[PDB]
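Encoded as structure tokens, the following chain is the form deposited in one PDB entry, with no partner shown.
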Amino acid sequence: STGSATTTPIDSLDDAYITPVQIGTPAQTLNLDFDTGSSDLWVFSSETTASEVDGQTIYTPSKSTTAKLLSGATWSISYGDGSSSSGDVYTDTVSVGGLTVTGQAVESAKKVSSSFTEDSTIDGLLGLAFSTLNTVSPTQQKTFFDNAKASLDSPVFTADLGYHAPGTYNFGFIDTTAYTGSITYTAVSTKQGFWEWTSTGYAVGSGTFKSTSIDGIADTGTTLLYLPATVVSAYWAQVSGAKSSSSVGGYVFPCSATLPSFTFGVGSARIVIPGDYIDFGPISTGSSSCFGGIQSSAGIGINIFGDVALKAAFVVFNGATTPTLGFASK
């Protein structure tokens, strides 16, 4: 089998992407944030504290003839931005782009933190990291991809995120019309539960490539590109007036600037992030200070190849017995 679904930016900055997902019988369609950095499929629901729902579409398990309470199971998750959610668990039928999994764990939120409530466009998350990170207790549950894998034509999914435009998540096949050149594959460590890999270096604008190993994760659920302080300083030093602001929480730059590109290495191959992809707009409405799309990882503990990086590429998440990642230009 295969599936193919369009993913759409939630706003004019590409802060995140939503993909429609059918849950239950009859289908209830929710728009979920596909997140290769986590491993829980959780939804706003009829169980979510009413004051914490503000415009999201909810899953109502009592209206699904295929929903079953997973007795005793609870979940609770916290994300790198400090947001969080928790609740109980149902199994139900879940379909993405025509690919159907029966018995998928659908984690129903009883509580969500303020940032989720405040984002009316995201009805939940669909995790695509390794199932060892799933938070369901006392019986850990599998991701949608892990459950679908055996049925897929090939044990892969691909992320083709757009810049200020829709893109595509495909399951079970590699669309050879969706990228240019060849796909360069690179080794993955699953030891931390992430799609963790090592970039071979970077360049800033038209500058020379610096060969240096950068371990990090391919994370569709993180907006920005978080890299070591040395690399980020080298980038922003090429932008007149750019500075790190403790009050804002990162590097800012004059909105009048034209930003240089940023290149990252994948083996001997190179992915170029255009300068425009690094502009996240005014720090507050009407400001002439703009927020940068490349930020230091120094306070995180891991480097994160988030959407800023991934949307410059066609990305293969290869879930073969030994997983690997593939990157192509597009």
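In this text, residue numbers run from 1 along the sequence as written. The term rigid core refers to the maximal set of C-alpha atoms that superpose within 1.5 Å between the two forms.
In 9 other deposited structures of this protein, superposed on the rigid core, the segment with the larger root-mean-square CA displacement between 301-309 and 279-287 is 279-287. Checked against the record, the higher mean CA B factor of 161-169 and 146-154 lies with 146-154. Relative to its counterpart among 272-280 and 56-64, 56-64 has the higher mean temperature factor, C-alpha atoms as listed in the PDB entry. Within the listed group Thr184, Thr223, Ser76, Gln104, the record reports its top CA B-factor for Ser76. Of the candidates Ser38, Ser296, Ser46, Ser261, the deposited coordinates give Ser46 the top C-alpha B factor. Sorting the modelled residues of the chain by their CA temperature factor places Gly216 in the middle third. Ranked by C-alpha B-factor against the other modelled residues of its chain, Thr180 falls in the highest third.
Among all modelled residues in its chain, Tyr202 ranks in the lowest third by Cα B-factor. Annotation for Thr25: C-alpha temperature factor in the highest third relative to the rest of the modelled chain, per the entry. When all modelled residues of the chain are sorted by CA temperature factor, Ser288 is found within the middle third.
If you look for the form deposited with a small molecule bound, you will not find it shown, but the lines that follow are about it.
Contact with the small molecule, judged by heavy atoms within 4.5 Å in the entry with it bound, is confined among 205-213, 227-235, 111-119, 142-150 to 111-119. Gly221 is the sole member of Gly221, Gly172, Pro260, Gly167 with a non-hydrogen atom lying within 4.5 angstroms of the small molecule in the entry with it bound.
When the small molecule is considered in the entry with it bound, only one residue from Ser83, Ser86, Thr186, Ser189 comes within 4.5 Å through any heavy atom, namely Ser83.
The small molecule in the entry with it bound comes within 4.5 Å of a heavy atom belonging to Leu125. Residue contact check for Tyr163: none of its heavy atoms lie within 4.5 Å of the small molecule in the entry with it bound.
Contact check for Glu52: no non-hydrogen atom falls within 4.5 Å of the small molecule in the entry with it bound.
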